[PDB]
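What follows is a single structure, written as C-alpha cells, with notes after it.
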Amino acid sequence: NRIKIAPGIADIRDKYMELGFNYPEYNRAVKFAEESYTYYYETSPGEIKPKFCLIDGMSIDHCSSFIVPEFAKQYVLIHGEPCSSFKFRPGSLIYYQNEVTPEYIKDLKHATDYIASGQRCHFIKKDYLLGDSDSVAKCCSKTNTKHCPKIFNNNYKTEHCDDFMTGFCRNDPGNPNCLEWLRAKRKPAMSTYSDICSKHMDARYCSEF
Amino acid sequence: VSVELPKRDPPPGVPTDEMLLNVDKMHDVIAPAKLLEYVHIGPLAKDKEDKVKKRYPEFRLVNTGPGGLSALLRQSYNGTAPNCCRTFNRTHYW
Numbered sequence: 008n009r010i011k012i013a014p015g016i017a018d019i020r021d022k023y024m025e026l027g028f029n030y031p032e033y034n035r036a037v038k039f040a041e042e043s044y045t046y047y048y049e050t051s052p053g054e055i056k057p058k059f060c061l062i063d064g065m066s067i068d069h070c071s072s073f074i075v076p077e078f079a080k081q082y083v084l085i086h087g088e089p090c091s092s093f094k095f096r097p098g099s100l101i102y103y104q105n106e107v108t109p110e111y112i113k114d115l116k117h118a119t120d121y122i123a124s125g126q127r128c129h130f131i132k133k134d135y136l137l138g139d140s141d142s143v144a145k146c147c148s149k150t151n152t153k154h155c156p157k158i159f160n161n162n163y164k165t166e167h168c169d170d171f172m173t174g175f176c177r178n179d180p181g182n183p184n185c186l187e188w189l190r191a192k193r194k195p196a197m198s199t200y201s202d203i204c205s206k207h208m209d210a211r212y213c214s215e216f
Numbered sequence: 005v006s007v008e009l010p011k012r013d014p015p016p017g018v019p020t021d022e023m024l025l026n027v028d029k030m031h032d033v034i035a036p037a038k039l040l041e042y043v044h045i046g047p048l049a050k051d052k053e054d055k056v057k058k059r060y061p062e063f064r065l066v067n068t069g070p071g072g073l074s075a076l077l078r079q080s081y082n083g084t085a086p087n088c089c090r091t092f093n094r095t096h097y098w
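Those sequence lines, one after another, are chains L and S.
In case it helps, full-length UniProt numbering puts the first sequence at residues 8 to 216.
In case it helps, full-length UniProt numbering puts the second sequence at residues 5 to 98.
The structure is reproduced here in C-alpha cells:
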C-alpha cells in the first residue's frame, strides 16, 4: 500500500516509485523512466532510443508515438534490449540498479502479476521507404523527389530505375530525364532507345541518342 | 489489496512509414532490389509470410523488428538464359 510516485534529481521523465508495505524492508523505491518528449534528433549517432519499454503483446505503433512524423519517415524499428514494465504502467522502462534485476523480478511470485517483460524501443536510420508503384514512379521520373531513397534518386547511377524508365521513356523519349537515363549508357536504356528510334529516327532525341 | 492501483494509459500510437507498408503493393520496389540489400516490407503475418516466401524465392525474410516487421534480402538471381538472354530490355519476369 501507500504507493507513491515522485520525480527525482535527474530528468523529470525519470521518476521513483516508492512502495511501503508492512515489512520495514519493503519500504523501498524503484527507479523507472517514462517518455514524454517528441524526438527530432538522435540520442546516439544513427539511432533513436526512446525510454518506452514495449512489452510483449501490444501494438508496436505505441513505440513510435514519441517521434516527429516528418523525422521518422527514414527510420526503421528494430529489436531492442530486453526490459520490464509495470502492467498498469505500460511502456515504463524499469532500470536495474542494486537489488533490481530481471532475474529478481521473475523470482518474486507477486511481481509476476504486476510486471510484464518486453524489449526497449530502438530505431535505426536507413533511408526513405517506398511502398507502392506510384511512389516509385514519382521518385524515378523525378516529378516529386520530396521523400525518395538515394537508390531511386541518384540521377540514374544505379539499375534501380531501369524497369520503370523503360516504359516511362517510351511514353516520352525527348524528356530530359529519359535522355539523362540514356547517358548512363546501360543496356536497358540503349535497347529502349534503339526500339524508340527504329520508329522515330527523324526526331531530335534520336540525334542525341 | 494494498491501495488503488495508479494506472496511466499510454499515449496514442502514431504509425510511421515503415509500419504502414503492404508487401502486396511493393512488387515494383522489391523487383529492382540489388544483392545484399534490405527492402523493408512492413509487418507480416505468418500466412502472408508463406505467401511472400513463395512469391519471391530469390529473397530471404529477415525479422528486423517486433510486430512482424520484416525485410527482404536478395540472395541470388534465378533467371535462365532462354528468358532474358534473347533481349536487353527485360530485367525480370513473372
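No residue lacks a Cβ here, since even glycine has one placed at the ideal position from N, Cα and C.
Enumerate in chain order the residues of its own chain whose CB-to-CB distance from residue i is below 6 Å, with the five nearest sequence positions on each side excluded.
i: L:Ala196; result: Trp188 and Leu189
i: L:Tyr48; result: none
i: L:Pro156; result: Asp134 and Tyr135
i: L:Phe175; result: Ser148
Can you give me the C-alpha to C-alpha distance between residue i and residue j, rounded to a whole angstrom?
i: L:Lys206; j: L:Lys194; result: 19 Å
i: L:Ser214; j: S:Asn93; result: 21 Å
i: S:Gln79; j: L:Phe95; result: 45 Å
i: residue 110 of chain S; j: S:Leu48; result: Missing from the structure shown is residue 110 of chain S; chain S here goes from 5 to 98 and no further.
i: L:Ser140; j: S:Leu9; result: 50 Å
i: S:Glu62; j: S:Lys38; result: 11 Å
i: L:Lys11; j: L:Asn162; result: 59 Å
i: S:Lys50; j: S:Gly72; result: 9 Å
i: S:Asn87; j: L:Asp179; result: 27 Å
i: S:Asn82; j: S:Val33; result: 18 Å
i: L:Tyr33; j: L:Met24; result: 12 Å
i: L:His69; j: S:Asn67; result: 19 Å
i: S:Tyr60; j: S:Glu22; result: 20 Å
i: L:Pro97; j: S:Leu77; result: 34 Å
If the cut is a Cβ gap below 9 Å, which residues of chain L does residue i touch?
i: S:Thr95; result: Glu166, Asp169, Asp170, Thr173 and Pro195
Assuming the contact rule is C-beta atoms closer than 8 Å, residue i and residue j should be a hit. Round their C-beta distance to whole Å, please.
i: L:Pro89; j: L:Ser124; result: 7 Å
i: L:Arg20; j: L:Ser43; result: 5 Å
i: S:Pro70; j: L:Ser72; result: At roughly 15 Å, the Cβ-Cβ gap does not stay under 8 Å, so S:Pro70 and L:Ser72 are not in contact.
i: S:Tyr42; j: S:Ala75; result: 5 Å
i: S:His44; j: L:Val83; result: 6 Å
In chain order, what residues of the same chain lie with their CB nearer than 8 Å to the CB of residue i, ignoring the 5 residues before and after it?
i: L:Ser99; result: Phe39, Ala40, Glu41, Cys60, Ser92 and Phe93
i: L:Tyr121; result: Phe93, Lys94 and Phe95
i: L:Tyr103; result: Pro109
i: L:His86; result: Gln126 and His129
So residue i contacts chain S; which residues on that side make the cut at Cβ distance below 9 Å?
i: L:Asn8; result: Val5, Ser6 and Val7
i: residue 253 of chain L; result: The structure shown does not extend to residue 253 of chain L, since chain L spans only 8 to 216, so no value can be given for it.
Going by the C-beta, is residue i closer than 6 Å to any heavy atom of the ligand COA?
i: S:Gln79; result: Only the bare structure without any ligand can be found here, which leaves the ligand COA out of the picture.
Just the chain L side, please: which residues come within less than 8 Å of residue i by C-beta, in chain order?
i: S:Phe63; result: In chain order: nothing, as chain L lies at least about 16 Å away.
i: S:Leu25; result: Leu136 and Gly138
i: S:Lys29; result: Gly138, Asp139 and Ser140
i: S:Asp51; result: The premise fails here: S:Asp51 is roughly 19 Å from chain L at the closest Cβ pair, so nothing lies under 8 Å.
i: S:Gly83; result: Those within 8 Å of S:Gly83 in chain L number zero; the least Cβ separation is about 13 Å.
What does residue i reach in chain L if we use C-beta pairs closer than 7 Å?
i: S:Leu39; result: What S:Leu39 touches in chain L: nothing, since even the nearest Cβ is about 11 Å away.
i: S:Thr68; result: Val83 and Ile85
i: S:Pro86; result: The contacting residues do not exist; S:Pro86 stays about 18 Å from chain L at best.
i: S:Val56; result: Simply none; closest approach about 15 Å.
i: S:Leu77; result: Ordered by position in chain L, no residue passes the 7 Å Cβ test against S:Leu77, which lies about 13 Å from the chain.
Within the same chain, show all residues whose beta-carbon is closer than 7 Å to that of residue i, passing over the 5 residues directly before and after it, in chain order.
i: L:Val143; result: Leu137, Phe159 and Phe171
i: L:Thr173; result: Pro195 and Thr199
At 7 Å on the CB atoms, spell out the chain S contacts of residue i, in chain order.
i: L:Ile12; result: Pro10
Mind pulling the chain S residues with CB within less than 8 Å of residue i?
i: L:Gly98; result: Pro14
i: L:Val143; result: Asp32 and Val33
Can you list, in chain order, the stretches of the alpha helix (DSSP H) that have 4 or more residues and sit fully within the segment 154-179 of chain L?
-> Runs found: 169-178.
Residues of the segment 57-85 of chain L whose Cβ lies closer than 9 Å to any Cβ of chain A, in chain order | The structure shown contains no chain A; the protein chains it does contain are L and S.
At 3 residues or longer, and completely inside the segment 18-51 of chain L: list those beta strand (DSSP E) runs for me, N to C.
-> Listed in chain order, they are 21-26 and 35-40.
Ordered list of alpha helix (DSSP H) runs contained in the segment 35-66 of chain S, each at least 4 residues = Segments of the alpha helix (DSSP H) lying fully in the segment 35-66 of chain S: 50-59.
Taking only runs of the beta strand (DSSP E) that begin and end inside the segment 85-143 of chain L, which ones reach a length of at least 3 residues, in chain order?
-> The segment 85-143 of chain L contains these whole beta strand (DSSP E) runs: 89-93, 122-127 and 130-132.
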